[PDB]
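Visitor: Structure below; questions to follow.
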2 protein chains.
Amino acid sequence: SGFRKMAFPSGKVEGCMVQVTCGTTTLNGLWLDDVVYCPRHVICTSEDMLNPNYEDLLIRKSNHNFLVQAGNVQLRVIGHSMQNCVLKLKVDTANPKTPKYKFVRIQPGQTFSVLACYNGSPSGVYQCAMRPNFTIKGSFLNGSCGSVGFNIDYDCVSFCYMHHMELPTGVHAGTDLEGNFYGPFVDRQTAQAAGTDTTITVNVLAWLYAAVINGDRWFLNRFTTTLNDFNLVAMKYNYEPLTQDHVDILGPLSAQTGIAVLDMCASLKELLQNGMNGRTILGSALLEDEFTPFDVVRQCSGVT
Amino acid sequence: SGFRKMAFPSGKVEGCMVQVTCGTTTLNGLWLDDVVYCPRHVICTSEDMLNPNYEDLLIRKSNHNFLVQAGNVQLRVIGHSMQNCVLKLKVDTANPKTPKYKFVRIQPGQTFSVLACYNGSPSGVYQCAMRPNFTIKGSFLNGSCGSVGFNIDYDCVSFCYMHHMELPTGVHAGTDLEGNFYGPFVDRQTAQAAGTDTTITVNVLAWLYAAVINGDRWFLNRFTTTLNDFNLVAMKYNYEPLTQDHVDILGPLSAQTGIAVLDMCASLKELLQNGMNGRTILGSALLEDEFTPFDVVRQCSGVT
Ligand SMILES: O=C1N[C@]2(CCOc3ccc(Cl)cc32)C(=O)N1c1cncc2ccccc12
Ligand SMILES: O=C1N[C@]2(CCOc3ccc(Cl)cc32)C(=O)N1c1cncc2ccccc12
């Protein structure tokens, strides 16, 4: 019992964190096999960030200008290439701690763990979600770039995010491990607005199921609704539209609690329309949307 | 920018997690040097838990009845002893992954990271605090016993908690690594009520400082207060009394923001008396008390 914003164990990802320095810029890199992945803005000065031409900036860089340090030892860079917004630095040594891994591009609403790093050293681990506007509400200071987001499936690490940027609004932007930004963000110090941060409806529902499983049942009501009626209310409250796919994905939680998905939707509808009235659900005074249905099943069943 | 409930990287603690089986009971153990630490209730059956006499139950156990498994390999138990509510199993092999470590007994209000484990395998990591009633609001299923709480200071892991019990109220109870329970809890399946769960005032204040640092300033007011006046209001709201030690501990956050501690106290006082009015602070609709002043300084400065 108890429900916590839980992150995946970070050991497997800690074994991959290295420091990459180019000129005066130092950020983090991810060392998997004989390649070190890092944000391409490592080649930029703070003046370059206003309007960088990464191809031209990269021409003035050779293998020896990229200083890669793993722990306290220097890695020899035998090649370098730019793939979208990331640099791939080929080193002569394969990482002996390379876990089984995949590079995945997640969809908005999906959650992942972030290992915040500085100078190739891990400082903390937290859980977050890819917002529907393709930003992440992270915790990153200067020097955190190159910190990664990942999920673990038993022994396979699926790397889904690499930190690149903080927007003027305090939200974060980054890429998948192929260098493609999530959302319309570009690695430039220019005016970039995030877009409407809507609530991940299916995750809120999953978290309502988690509360029922853990004993918080005050919000359960005598009502039901339809997908269309619920969506009318969801639109008004800037909630993502709920589809039949979402209902299907909530099926195992619905089965475990004996509460039909549309009944939980009517409970959520009354919570949006009437508020919490000073009450809490799983020790929270707002509706939490950063647990997917898979996270709730995982946490409530103890998958290791 | 951004403020997240961040846990310490868990790699160093993952390298210590083993599975301990005695009879039909399987729980987690912590392997440091040639000793495996685990809850003594590993020797109990579910019937034994009602009224166990651990000394008598232990007499019927020999070294070979404790099955210790690290990863996929079995450790040879060459000795066993009971120290308060923990068993120490001496094994013939020192853990090659033993980090630098200490065993510490924390005070209520102090925070730590938990690596929730099942069958000696880590499943997740989260941050929590030792509540003023000596319980922890964790996330633990059956089989999680022996999961540990720790803090990391650069390379030294200070182990402060070992999970033992879940109370009928869904809160958790456990010991330090010397086997002494936090609070008045005993390792028995008997009626045990936690006590008043008060709010950790100094942590709430620290988190208000974190919000100011990260831009959430709406709650800052034109008022001030005194320690005695603030404490009158704090008592009414079941908040821990604020002492001069707490004011001193908040000094570096006070210095960074230019907001005197007593001014932040008057802001908190108005928040307790008038509520949030549908507003949020650091994306939260309630006052968060599970970040110490040290955690805020650490997160906001990037200590690795
Ligand atoms: O290190 C960098 N360089 C920046 C500086 C601004 O101009 C740009 C523009 C584009 C890109 Cl890709 C990065 C950058 C950036 O946001 N970050 C930071 C990342 N995350 C958090 C930060 C917290 C404080 C300070 C800087 C942080
Ligand atoms: O594994 C055990 N044995 C228990 C069973 C109850 O009687 C006692 C009495 C004292 C002690 Cl020390 C432990 C135990 C206990 O609480 N836990 C559990 C720990 N944490 C979470 C649990 C979630 C579900 C189920 C059991 C959980």
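Chain A uses Swiss-Prot numbers throughout; the residues present, in order, are 3264-3567.
For this deposited structure, the header notes the method as X-ray crystallography, 1.9 Å.
The backbone N, Cα and C atoms fix where each Cβ goes, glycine too.
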Visitor: Pick from A:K3353, A:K3499: which does Swiss-Prot describe as ubiquitin cross-link?
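Guide: Record says A:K3353.
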Visitor: Taking the Cβ of A:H3304 (active site, for 3CL-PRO activity) as centre, how many other Cβ atoms lie within 10 Å?
Guide: 24
Visitor: Please identify, from the recorded sites A:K3268, A:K3353, the residue with the sparsest Cβ neighbourhood, meaning fewest other Cβ atoms within 10 angstroms.
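Guide: Ranked by other Cβ atoms within 10 Å, the recorded sites A:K3268, A:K3353 bottom out at A:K3353.
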Visitor: At the level of the C-alpha atoms, what whole-angstrom distance separates A:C3408 (active site, nucleophile) and A:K3353 (ubiquitin cross-link)?
Guide: 19
Visitor: With the Cβ atom as the reference point and anything under 6 Å counting, tell me which of the recorded positions (A:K3268, A:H3304, A:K3353) are near ligand 1.
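Guide: Those recorded positions that pass the cut-off, since their Cβ is under 6 Å from ligand 1, are A:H3304.
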Visitor: Please report how many Å separate the Cα atom of A:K3268 (ubiquitin cross-link) from that of A:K3353 (ubiquitin cross-link), as a whole number.
Guide: 36
Visitor: Less than 8 Å, Cβ to Cβ, versus chain B; work out which of the recorded positions A:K3268, A:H3304, A:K3353, A:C3408 satisfy that and list them by sequence.
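Guide: Sorted by position along the sequence, the hits are A:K3268.
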Visitor: Provide the three-state secondary structure of A:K3353 (ubiquitin cross-link) computed with DSSP.
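Guide: SS state of A:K3353 (ubiquitin cross-link) = strand.
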Visitor: Compute the C-alpha separation of A:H3304 (active site, for 3CL-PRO activity) from A:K3353 (ubiquitin cross-link), stating it in Å without decimals.
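Guide: A:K3353 (ubiquitin cross-link) has its Cα 17 Å from the Cα of A:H3304 (active site, for 3CL-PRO activity).
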